[PDB]
Structure formats: C-alpha cells, structure tokens
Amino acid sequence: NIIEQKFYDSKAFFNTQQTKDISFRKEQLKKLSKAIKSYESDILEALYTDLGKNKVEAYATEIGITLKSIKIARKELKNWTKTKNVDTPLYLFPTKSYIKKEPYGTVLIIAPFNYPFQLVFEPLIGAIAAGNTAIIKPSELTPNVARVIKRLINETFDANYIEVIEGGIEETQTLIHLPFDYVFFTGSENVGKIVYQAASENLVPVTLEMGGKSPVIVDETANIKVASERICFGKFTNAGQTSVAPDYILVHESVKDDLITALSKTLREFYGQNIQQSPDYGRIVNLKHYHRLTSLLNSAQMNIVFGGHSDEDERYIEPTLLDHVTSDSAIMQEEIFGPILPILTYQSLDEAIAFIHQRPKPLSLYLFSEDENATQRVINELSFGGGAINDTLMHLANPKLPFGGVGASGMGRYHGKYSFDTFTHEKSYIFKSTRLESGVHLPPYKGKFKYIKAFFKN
C-alpha cells in the first residue's frame, strides 16, 4: 500500500502550507534546473537507448525546452502568482475586487513513452510554480528514462513534495482512484477514457492530452518543395511517434505526384540513401509498437512508393510513403504514431473538409496553401486542437500558444503560463469597507423597484 501511503504523505506536506510560499516555489524550480543539468548526460543516454533519440533532437524536444521553461517560469513567477486587482464597476463602489491564484493541492501527472522526459517535466513546472505537491507516473515502456527521472527527483526533492511512481497500467489504476486534487494525463484515447472515468467518480478535475489522426491538407497552390520539407520535419522527428505528427496527407489531385517526388527528395536530403545509417533518425519504442507498425506496412505493401524497410534487431522502420490510400485502408483506421505517411487525393477543398469532419477532432491540423481564402475556410470550418499554416509541429514551440486538444483529442491545455493556469484555481474575492454604510440595497424594498429596473435597463 506504499502508493496510497505516498499519496497521503504528499497531502500532509501540502497541508503544512509550505508550498504556497512564492520563494519556496522559486527555490524548487532552481533545484529542478540544477538537477536536470547534473543529469543531462544520463538523460541523453536514456533517451538514446530507449527511443534511438539523437542528442540534437533530444535537446530541442526534451531537455533544452524544459530548461528554458523552468527559467521562464522562475523569472515570471511573481507576475503569474501575484493577486490581481480587478476593475470594479461604479455601481458596486466602494467594493474592491481581486483574484487570488492558489494551488489545487496534490496533483497527479501521467506521461507516455514518446517524449517521456518533456511530458513529465513541462506539466511539473506548472504544478511546482502553481504551488502544488505532485506524484509522477512515467511510462515504463521507456524504462531507462523512467529510472533516470526517478533518480533525479528522489535525490533532489522530498518524496512528500514530488515523488515518482514506476510501473505499468496497474500502478496507474491505483493512482487514478485516489482523490487527487488534479489529474494531468498525456497518452492514448483508451487510457485517457479510463483516467477520466476514474477521476469523475471522485469529482477530480482533469487535463487530457490525447490523440487522433492529424491531417495535412496540401492544396494546388502550395509550395510543394517547402511543404515537403516542413512535413517531413514534423513527421519523421522521433520516427513519427508524436501526437501532432502529420498522420496522413490529403493532397489535391493535380499536385500529388509533385508532392511524392518532393517528399522522397527531402528524405534523401535529410537522411541519405541508407536511412538506417543516419544518426539523425530515431527508432520505435518497443517490439509491440514495432510489430504494430510492420503489420501496417504489410497491409499497405502494394501502396509503398518510398521506403518500407525494417529491421527488428534495431526496432528500425524506414520513412515510408504510401500512395492510392483510401478510407478503407488499415493505415487509415488507427493513429499511426510511426514513420508511415499515407497520401490520399481530393478534387475540391469541400471534399477534404468533409473527409476530416467525418472523423474525430484531431489534436493538430496542417494546411499548405498560398490561397488566403482557403486558409480562412480551414481555420473557420474545421475544429482541432491547434495547428499551422505552411508548417508542421512548430506551433508547440511558442510557449505563448496554449497546447491542447478538443473533443476526442483532449480537454485542457498547457505550455508557458497555461501550465501554471492548469494547476491553479483562480479565487475571486471582494472587500467592502465596514466604515461605509448604506441601506439603499437592503430591505425593506418598498419603492425601490423603479430604481433597480432602471439601472439594469440604462
């Protein structure tokens, strides 16, 4: 019962009020930053062994972005946390209005395998800065990363302030049935449904970052070569294991063959002729997901127009393009979460929009177009978590942009101040001086109806 003991110890530490002190929170952020730097080599090694993640990609998407976020949160903390004076309308004078920013208490953070470090620590920064205690459940599919995370945390913080729980679905099961004050989850739709039903039993608020199939629309006005470069960048980073990676392409009939040519050329520019030898290209997390993806390769074997090679001993899957893909294809029935890119054609933008609107709202959407009005149509008519015009993936790199889904792709958002907001309850309160008395708004109300009605109607 150590999980539940760890939970109630964390609650007990929150009850001491020590995490509400602003200077306490700043010091924990310093220690977190110092701790990540001390472990930088071990984190890079763990990301490399578990995901084949090269150090450039690992720094830009896991370590460096976290260090930058800690720095910003620590330096902006007084701005984010300070009670706001809120305007009070004249009719409420002499009332003064305020909003106190306060923590929820003890929160739960669940992180998946694909960015196993960043998806632990970007939520954690928000939880720390908002004044919470935290329990972290990292992915056991990346076990070296999870252990490095546990070592780092345990040697830096008390377990009753921040603790890491290693395990699989059953450890997650134990955690989500505990009355946490907030639950933050990134992962699959399947597990997200379980987390959110368990939390609902305890009236626990949640943020869910889930999945779907993110479409890329490439219309007939697009800059094909630049589109192919930015698509491949967002698609084959982390070997496609990204929730906002281009899942599939809807390309206008007239430029499909141009796009296939440009994508193939870009992949050779990126990774060379033997992509298995490229030090810039990652690997599949484990054998289960590797076989999931090679099964999809086998299903689309007649449609491969680039790549398709694999090596089980390295959990390697070559960047692969598919042509003549339909709605019936196995590759269009599941979130790919891998380096397979199916290409479907459309004749008019209305068909592309209809296709996307028939499916769950995706976490991201991308449109490549030089046509302003097509851009406007897509942003206005299709709902999705967030996206990009003439780019992919990089809308996550601005911390001033909230990152989150909608509908099946999730609820809630984070990054930057939104990470702080997510773990913050905003508490409105007023003050009215007792030296200033008036019976105007008190009973008896005889004769006051004409006055109160005129107020609400002038």
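Numbers for residues come from their place in the sequence shown, where the first is 1.
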>> Please compare 170 to 178 with 315 to 323 and name the stretch with the higher mean C-alpha B-factor in the deposited structure.
In response: 170 to 178
> What stretch has the higher average Cα B-factor here, 299 to 307 or 227 to 235?
Replying inline: 299 to 307
> Which one of 355, 115, 368, 185 shows the top CA temperature factor in the record?
Replying inline: 355
>> Between 432, 395, 31, 53, which one tops the list for Cα B-factor in this entry?
In response: 31
> Taking the C-alpha B-factors as the PDB entry records them, is residue 213 in the lowest, middle or highest third of its chain?
Replying inline: lowest
>> Quick check on the deposited entry: does the C-alpha B-factor of residue 261 sit in the lowest, middle or highest third of its chain?
In response: middle
> Which third of the chain does residue 41 land in by C-alpha B-factor: lowest, middle or highest?
Replying inline: highest
> Which third, lowest, middle or highest, does the CA B-factor of residue 163 fall in along this chain?
Replying inline: middle
> What third of the chain, by the recorded C-alpha B-factor, contains residue 421?
Replying inline: middle
